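Q: Shown below is the structure under consideration.
Every number here is computed from the coordinates shown, using simple stated rules; none is lab data. So basically every Cβ, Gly included, is an ideal-geometry build from the backbone, and we count neighbours across all protein chains shown.
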2 protein chains.
Amino acid sequence: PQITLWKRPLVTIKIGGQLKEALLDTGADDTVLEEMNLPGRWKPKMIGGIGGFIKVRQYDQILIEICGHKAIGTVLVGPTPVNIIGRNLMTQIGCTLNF
Amino acid sequence: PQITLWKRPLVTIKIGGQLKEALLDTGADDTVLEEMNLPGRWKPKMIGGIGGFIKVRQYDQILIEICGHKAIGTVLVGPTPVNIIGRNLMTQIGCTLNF
Ligand SMILES: CC(C)CN(C[C@@H](O)[C@H](Cc1ccccc1)NC(=O)O[C@H]1CO[C@H]2OCC[C@H]21)S(=O)(=O)c1ccc(N)cc1
């Protein structure tokens, strides 16, 4: 599909057996989701943006389905105010910017 | 152009007569540029990102060229970690997400 940017590009995702709404975010290197209880190993990470940094948990090789498109890769989890799909997974579903 | 997302979608912009590099950021409602001198009247504003809130100078109706495409809109100036082009200007240049 084609998503215009009049409004926030929020799409439905499926991860860890849950459906959520998340932002298709070309400005995010890596996906970061709001706090959730994922199983498995993780590593601490710090990610920075406007206002400074937050601490997150980095999970590797996590399956996410994004508007019916499957993807598997790094998913960070932490106190983000919004679920963010980053470039690391957007490349896997075929997402480009066009103008 | 069609821009893939295996690298950061950085583009050359022109604002106030000066060339800069900026990030096309579909997760940003607004355009936020690093500290710079800009002609025009401005108002003090606050904007929030992943790490908290920052003070910015809001310049209205600013001419800005993005990768050869002209826009006229709001530009926020402050201590952002990177020059980001938000949806307020990406809509003006006809930018969409496609997969
Ligand atoms: C500033 C960018 C280079 C990086 N950010 C992605 C960006 O899209 C965030 C994503 C975002 C979106 C909402 C809330 C927090 C973060 N947007 C943002 O800060 O936009 C602000 C300017 O316009 C306003 O609209 C939204 C917030 C304001 S980030 O959220 O900090 C980020 C950084 C690293 C990763 N791996 C993932 C996300």
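Q: List every residue pair whose Cβ atoms sit under 7 Å apart, with the two residues 6 or more apart in sequence or on different chains, where the first one lies in segment B:73-89 and is free of Cβ contacts under 8 Å to residues at least 40 places away in the same chain and more than 10 Å from chain A (Cβ to nearest Cβ) and the second, anywhere, is within 10 Å of the ligand (Cβ to nearest atom) and part of a strand (DSSP E or B).
A: Within 7 Å, no pair qualifies.
Q: Moving on to the next point. Considering B:4, B:12, which residue is more than 16 Å from the ligand (Cβ to nearest atom), of a type in the set (S, T, N, Q) and in contact with a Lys or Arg (Cβ under 8 Å, 6 or more places away or on another chain)?
A: Details: B:4 fails: in contact with a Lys or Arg (Cβ under 8 Å, 6 or more places away or on another chain).
Going through B:4, B:12 in turn, the sole match is B:12.
Q: Among A:71, A:28, which is within 27 Å of residue B:1 (Cα to Cα), among the small types (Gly, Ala, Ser) and part of a loop (DSSP other than H, G, I, E, B)?
A: Every option except A:28 fails the conditions.
Q: Also, quick follow-up: Which residues, counting only those in segment A:58-90, are more than 10 Å from the ligand (Cβ to nearest atom) and surrounded by fewer than 17 Cβ atoms within 10 Å (Cβ to Cβ)?
A: Listed by number, the residues that qualify are A:60, A:61, A:63, A:65, A:67, A:68, A:69, A:70, A:72, A:79.
Q: Please work out which residue is nearest to the other protein chains (Cβ to nearest Cβ), limiting yourself to segment A:11-25 and to residues that are surrounded by fewer than 15 Cβ atoms within 10 Å (Cβ to Cβ) and either assigned to a loop (DSSP other than H, G, I, E, B) or not acidic (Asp, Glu) (or both). Talk me through it step by step, then tell me what you get.
A: Step one: list which residues in segment A:11-25 are surrounded by fewer than 15 Cβ atoms within 10 Å (Cβ to Cβ), which gives A:12, A:17-19, A:21.
Applying the additional criterion that residues be either assigned to a loop (DSSP other than H, G, I, E, B) or not acidic (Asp, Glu) (or both) yields A:12, A:17-19.
Numbers: A:12: 14, A:17: 24, A:18: 21, A:19: 19 Å.
Only one residue tops the list, namely A:12.
Q: Among the residues of segment A:19-30, which ones are touching a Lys or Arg at 6+ places or on another chain (Cβ under 7 Å), in contact (Cβ under 8 Å) with a residue 60 or more places away in the chain and hydrophobic (A, V, I, L, M, F, W, C)? Outline the logic, then answer.
A: Filtering segment A:19-30 down to residues touching a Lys or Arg at 6+ places or on another chain (Cβ under 7 Å) leaves A:23, A:26, A:28-29.
Subsequent filtering for residues that are in contact (Cβ under 8 Å) with a residue 60 or more places away in the chain retains A:23, A:26.
Scanning segment A:19-30 gives a single hit, A:23.
Q: Which of the residues spanning segment A:34-57 are assigned to a strand (DSSP E or B) and more than 10 Å from the ligand (Cβ to nearest atom)?
A: Step one: of segment A:34-57, the residues assigned to a strand (DSSP E or B) are A:43-49, A:52-57.
Selection gives A:43, A:44, A:55, A:57.
Q: Still on this structure, please answer the following. Show the residue pairs meeting these rules: Cβ distance below 9 Å; 6+ apart or different chains; first residue within segment A:31-54 and within 12 Å of another protein chain (Cβ to nearest Cβ); second residue among the aromatic types (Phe, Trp, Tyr).
A: From residues that are within 12 Å of another protein chain (Cβ to nearest Cβ), the pairs are A:46/A:53; A:47/A:53; A:50/B:53; A:51/B:53.
Q: In segment A:1-10, which residues are among the hydrophobic types (A, V, I, L, M, F, W, C) and either in a loop (DSSP other than H, G, I, E, B) or within 7 Å of chain B (Cβ to nearest Cβ) (or both)?
A: Passing the criteria: A:3, A:5, A:6.
Q: Now for a separate question. Does residue A:67 count as within 30 Å of residue B:67 (Cα to Cα), touching a residue at least 60 places away in the same chain (Cβ under 8 Å), within 14 Å of chain B (Cβ to nearest Cβ) and touching a helix residue (DSSP H, G or I) at 6+ places or on another chain (Cβ under 8 Å)?
A: On the way: within 30 Å of residue B:67 (Cα to Cα): yes; touching a residue at least 60 places away in the same chain (Cβ under 8 Å): yes; within 14 Å of chain B (Cβ to nearest Cβ): yes; touching a helix residue (DSSP H, G or I) at 6+ places or on another chain (Cβ under 8 Å): yes.
So residue A:67 passes the test.
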